[PDB]
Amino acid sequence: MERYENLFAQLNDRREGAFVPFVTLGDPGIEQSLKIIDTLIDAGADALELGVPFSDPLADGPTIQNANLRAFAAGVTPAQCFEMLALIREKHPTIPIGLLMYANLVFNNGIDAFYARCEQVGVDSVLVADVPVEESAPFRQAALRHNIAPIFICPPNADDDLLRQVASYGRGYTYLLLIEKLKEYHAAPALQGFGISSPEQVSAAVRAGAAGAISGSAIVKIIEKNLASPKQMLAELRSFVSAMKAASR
């Protein structure tokens, strides 16, 4: 499939950017996670980024770390995450679905088998949080063999060598934390994922030349605040995502 390319071609035709929320799968539970995700799509997310709960989330801030313990406190396993993903894709055929993974879950039972399972359930991209581009070869290759876009993080410090590696190696989108040199090097469209919390920041990223903005923790925040209020969780999620996406048009 080519969901990311079709999405960016359509967003360009509409002269708008992407808004992509992150959520941890199974947070606070499988049932309510599924409803949370449908609310985000309902509210107007252009793509998703979904986390699989891992015993040691090294690259996660405090808000993200709490999401994983909530999911473990619910019993969420990687196998249950992949059944969730197949159910999400069966309801939503065109939205791009990206996974944010830790390397051990990808490597555990074979790298190729992991990306094969991603292709089977209809995942579009995988970002492996603790695999730098210098270590990425077997992951990139297995991803491309199963029509999965390997996503790379372009950090703020990135020198020119890293820019050309990220531009050459990534697909789908470039995870940004620079825009002109990525475009110059024909990189995947950049999504700013650094401190995306306000509709103004979405508009400021599109104006900077980015294709869109990833809000990697603001959604997780809204979930954490309304645990004893599932209905108001979904209504608060809906209003925020709507405000962020309107800022992209």
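When you see a residue number, it is the position in the sequence shown, counting from 1. Only the largest set of C-alpha atoms that superpose within 1.5 Å between the two forms is called the rigid core.
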Stretch with larger C-alpha RMS deviation in 8 other deposited structures of this protein, core superposed, 38-46 versus 212-220: 212-220
178-186 against 194-202 - segment lying farther from this form in 8 other deposited structures of this protein (CA RMS, rigid core fit): 194-202
Might you work out how many residues are unmodelled in the deposited sequence between residue 177 and residue 178, and answer none, 1 to 3, 4 to 9, or 10 or more? 10 or more
Higher-scoring stretch by recorded Cα B factor average, 220-228 or 49-57: 220-228
Assert higher mean C-alpha B factor (136-144 or 76-84, deposited values) equals 76-84
Considering only 33, 66, 203, 192, which residue's Cα atom bears the greatest B-factor as recorded? 66
Grab the CA temperature factor for residue 125 from the record and place it in the lowest, middle or highest third of its chain. lowest
Tertile call for residue 157 (CA temperature factor, within chain, third-based) is the highest
